[PDB]
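Quick note on labels: first sequence line is chain A, next is B, and so on, each numbered from 1. Computed over heavy atoms, backbone and side chain alike; hydrogens, waters and symmetry mates excluded.
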Amino acid sequence: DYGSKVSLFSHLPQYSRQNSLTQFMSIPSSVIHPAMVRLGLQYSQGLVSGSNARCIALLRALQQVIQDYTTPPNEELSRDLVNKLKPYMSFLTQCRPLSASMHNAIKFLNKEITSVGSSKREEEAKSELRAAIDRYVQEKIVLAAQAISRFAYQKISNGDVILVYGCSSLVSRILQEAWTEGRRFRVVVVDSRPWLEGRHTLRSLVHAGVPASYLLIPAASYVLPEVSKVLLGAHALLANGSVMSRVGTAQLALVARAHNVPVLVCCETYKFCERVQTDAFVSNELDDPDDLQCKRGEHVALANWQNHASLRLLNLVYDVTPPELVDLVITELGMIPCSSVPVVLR
Amino acid sequence: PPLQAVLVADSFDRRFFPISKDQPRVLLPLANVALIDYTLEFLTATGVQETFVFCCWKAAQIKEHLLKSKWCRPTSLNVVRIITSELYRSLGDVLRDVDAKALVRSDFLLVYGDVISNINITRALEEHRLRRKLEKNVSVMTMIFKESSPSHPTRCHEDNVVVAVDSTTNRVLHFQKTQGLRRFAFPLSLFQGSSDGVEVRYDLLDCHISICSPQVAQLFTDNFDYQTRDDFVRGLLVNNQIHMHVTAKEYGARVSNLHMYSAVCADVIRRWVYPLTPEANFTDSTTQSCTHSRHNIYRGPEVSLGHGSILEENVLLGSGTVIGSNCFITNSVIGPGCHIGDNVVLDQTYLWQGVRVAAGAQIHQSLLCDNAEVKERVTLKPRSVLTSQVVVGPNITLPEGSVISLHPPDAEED
Amino acid sequence: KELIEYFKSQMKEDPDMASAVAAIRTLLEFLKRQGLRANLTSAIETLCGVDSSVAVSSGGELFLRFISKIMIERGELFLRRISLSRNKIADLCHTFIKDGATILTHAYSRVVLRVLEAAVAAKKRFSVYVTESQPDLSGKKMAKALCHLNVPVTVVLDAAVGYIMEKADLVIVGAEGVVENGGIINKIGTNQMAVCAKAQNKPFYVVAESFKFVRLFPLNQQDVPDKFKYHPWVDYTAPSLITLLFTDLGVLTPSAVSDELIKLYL
Amino acid sequence: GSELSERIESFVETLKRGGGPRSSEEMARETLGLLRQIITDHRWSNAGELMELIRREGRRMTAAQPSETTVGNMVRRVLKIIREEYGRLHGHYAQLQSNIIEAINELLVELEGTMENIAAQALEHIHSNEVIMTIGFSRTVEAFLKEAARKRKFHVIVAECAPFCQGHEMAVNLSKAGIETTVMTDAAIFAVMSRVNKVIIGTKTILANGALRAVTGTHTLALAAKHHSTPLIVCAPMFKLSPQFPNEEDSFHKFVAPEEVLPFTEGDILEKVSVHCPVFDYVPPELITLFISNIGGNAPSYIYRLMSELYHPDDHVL
């Protein structure tokens, strides 16, 4: 842990970016696989921060690890591999908390490994595991976005003013595919500090030819009156109908409801978790607190904030939105309500 | 010591040619408002107490426009002084004449009459004086640069420069343009003497604002073939030191050519030069008041907007301009006393005062100056400039980059 | 086309037969007369054109889904099973009406009429308030048919639904089509009554059959297709203003219809 | 003489380009001093002519900056004072100038003591082991909070302002006194506002129907407060009350350069991207719960009477 945490957020880990976990490790990593080591280093340094990008990188690293995995004698691999992959996941979590996508993916991989019988050969098992990972990715990530792109194309109209927030690999694709089909609309990109990841969507839209706008989230109440729809992306859909997404989503949906604007949500079926949550206090993630430091004017005001023992710096990442503010959810199965997540989980 | 500046209200370079024949460069209406007004407002806002306005080309119009302006009033704190002369041929001659007259005393700023900026120079000026007071008579000039992207529309190749300065203490060691050249050369003296902290910078926008010193005019009198500022810096770097000051939270740019003109206009209308905006009316004029509304749409008095027309983006309508029915204007600047027809599409068009556009005209990315006129069924292409008092017959389609002027040799005559 | 002829035949022969039931009957009758799927889609569009209601479209979609030797058997069984949907809904909904309660009903509907006819048969007493439904004077027909059963009906004004909302213990209205999110497509004067009922915590009940489930998800009054509205004739009511649903499949919540539709896959 | 003219011109020019006095109290003091100056040494022989001159000067000052709704309030207050002092004698013109300066000095003393009068009501609204959420940087709210820390222990949450992160300075100045402060972004105003109990914020001005003009993001804060049914206290002195109503509010928000929202070094996308940066926003009265002033706490539904007592209905448009 680094720095002093908040009283209400003292049950969560607060790591740092400068403090690397590879200091107390061998350059040729013995206990940990080099692939997983570099993956955790990238996660800690922020090289891979996308919800789906993180899962894809994790699965590719796991494929690489399996490619060079030798089953010892005196034991089967169907269990040795599961027992060996656990410390890797623990190290990855120590580097950066895992996401719901990564959790579901490792669960599916463990289930598939357990489904392998000792009756089969090692090479056949490894090849089947690799092919299974490949086709699972292609289905739940690649093919799971083409159906959502043609389902949301119906709800997009000419002259619409769609409002997006943050960065999402699915929202940008939906908009870029709807623009090329014949729709002529304009997008409003909302961003928040300190990540400022909305600029990614802004650039991806400008390069596509869609008229786009950019403004910070505090001014969301000023532009919403002219907004017709609010298309948002999330990281996970809880079993209680709620939605887990970036911290600046719940208040955005609240202001949209206050302005009488229909809110939408687009998520893949593989992000349908089984747990539940009521607020952003029981399970969240506190990133490095020094990200709030900003060069405003002539000097920084939080340059030595740790000298003040009473001052705390909260850097929440995720948040939980109630089902009372979500109208429609878009998936590969079709348009379903916000209170139908358990039905899809069935 | 009161801060004093020198304003060169004449660019002996002729890039707006043919347009600079009937009317000076520095009085071309950018946003219903002259450029010298922007420059004078910047100088008056940064702390300048006295200015010396030098004009050679069409100086009578410049002065007789300034004498009605608000900076020449007895209630202005920046007293301006117009010095007109027919001998001036380049900036070097102007500095030579200042040295001959002994007008300047202390650190003075050297800016052109077509510079639009909201930069504050108190910080840079302090740095300059402190630096000169640690090394007596060492630092001679401080050039202000605005860090930008090499992709930005405002960065034209004609003004694009590359610098190699020291990072320990901001100091110019090499300066050269990049107009029509692909691989840059940097001599070895830079690493020969000093500059352990040396770095090449290509992300800079030359604001043409420089805090000069009397020694600058002295050296300009010594070397007779210094015709501009760029050559002063090159000839001083072959041999005194020249330093910089970089800004990141302020705007500054010089209108050097036509492509540069349409770049500052979008920024000024889009409030990139705050507080300097059309809504502010920084001239104290009666015929330039407007009201800013959503989407940066500015409407003046007596706009006479017709039913059906749609203003979609950052447009600026003048006072007295008349708009018809079922029109479509966007990213377009309309002057005062303009009068449009019906079914008129304007996309990134700059219409000055006294223009009339007939019905059925489609104009895109082209500039119409004073007293211009186009008949019905006329379509103008991008960069299709019309100068003063031309009339385009009906059913004509002008090619891209076409230039029409009433002077025979200027361009394709009327 | 003889399709419209048979449709009008079934509609005129049986006055209380629903539109969707008659459409499905005509479709099954013409099925006796691959290639077949397009033939059917064509029949469904002409029928849909003659009567622009959501019930007919829902019934046609459900029939075609049933179509994807054995089809005649399954269709006869389906028709006989859907015939008793009215009684199945009545036997389940008439128990929610207690003595001394005031009812607030919308324009005429055969299902609510059957529910009330079954409730009064169980030795019960209540009061009813029917809206005139200005678009077409069918609320007066409902009040007449109710007073014919010896019940103290009272016709109210179309703009007085908010004035008598405090004097109503519950609200029971029909539905032309149940959308995927639990909402309902009902008469144009239904969205305003549900809003008042919610503003005064009044149980807003909805009565509909199973053949009225449609794969639609309107976000507001604009997302509704214009072919159903045509002074619009119908409106969409959000599920947050509905308390429960009485269907032949049993008493359902606003969310169970989405589960049923997902199970059916359109 | 013309020294008054040049002082007025300097004031108008300072109000034109940027902000002058940092604190609103200093702005009101300077405006009242300038009004007293133009009143004391001038050629005037009646009351209506002085009213017209004051109206012209106030119109000029308001045209200089429409979002600075503090000079107009002082102009209207001076107009009301003149009208009352004229009616007290007419219902004349012998020594009106002598008591006008006395009334202006009394108003100046009130403006000086308003801060201490507002800060004295801190314990009446804060209890032990309480959590308070604020936004931006307000000297009145800072005093209100630090006046209770000397006798109570609470947890102060501060939400920064994304365009100009001024909440950091407030959090630092508060933690300098041991108040257990916290810093966070504007996006985390709703997800975190589930354990908060009270909200105390400031404002730029108070409208006629109870609404007010606050910094950007205050609307979302009020929405969250109303969604969680938490009280929303507004610590604002009397000079921040404007008689104008919520007209369609085009000049309501102050739009500044997009450099704060999106930097100039982004690239070529700035030519085809419209960036807006509104500084202020409109907060309806229904989302407000109380108004703490130097004359005691009041409800939003009673501000009309305070206005009627402060300004004359004829000087509402100026």
Under 4.5 Å from any heavy atom of chain D, what part of [X] do you find: side chain, backbone, both or neither?
{"X": "B:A45", "answer": "both"}
{"X": "B:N120", "answer": "neither"}
{"X": "B:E41", "answer": "side chain"}

Rounding to 0.5 Å, atoms CD (D:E260) and OH (B:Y274) come to a distance of 10.0 Å
Contact list (residues 270-279 of chain D to chain B, heavy-atom gap under 4.5 Å, by number) returns D:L270, D:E271, D:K272, D:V273, D:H276
Considering only heavy atoms, give the residues of residues 1-13 of chain D separated from chain B by less than 4.5 Å, sorted numerically, with 'none' for an empty result. D:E9, D:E13
Do D:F264 and B:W272 have side chains that approach each other closer than 4.5 Å (heavy atoms only, starting at C-beta)? yes
Test item: D:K16 and B:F282 side chains (from C-beta on) under 4.5 Å apart, heavy atoms: no
Sequence neighbours left out, what passes salt bridge (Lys or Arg N to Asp or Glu O under 4.0 Å) with B:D206? Give chain and number order. B:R229
Can you check whether D:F255's main-chain N or O pairs, donor with acceptor, with B:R271's side chain at less than 3.5 Å? yes
Taking ring-ring contact (aromatic ring centres under 6.0 Å, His included) as the definition, give me every residue that meets it alongside D:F137, ordered by chain and number, with sequence neighbours left out. none
Would you mind telling me which of B:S76, B:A266, B:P275 has the largest number of heavy-atom pairs within less than 4.5 Å of chain D? B:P275
Can you tell whether the side chains of B:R155 and D:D268 come within less than 4.0 Å, N to carboxylate O? no
With side-chain contact (heavy atoms from CB on, under 4.5 Å) as the test, would you mind laying out the steps for D:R17 and B:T44 before giving the verdict? CA-CA 11 Å; D:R17 51 183 64 94; B:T44 283; 3.8 Å; yes
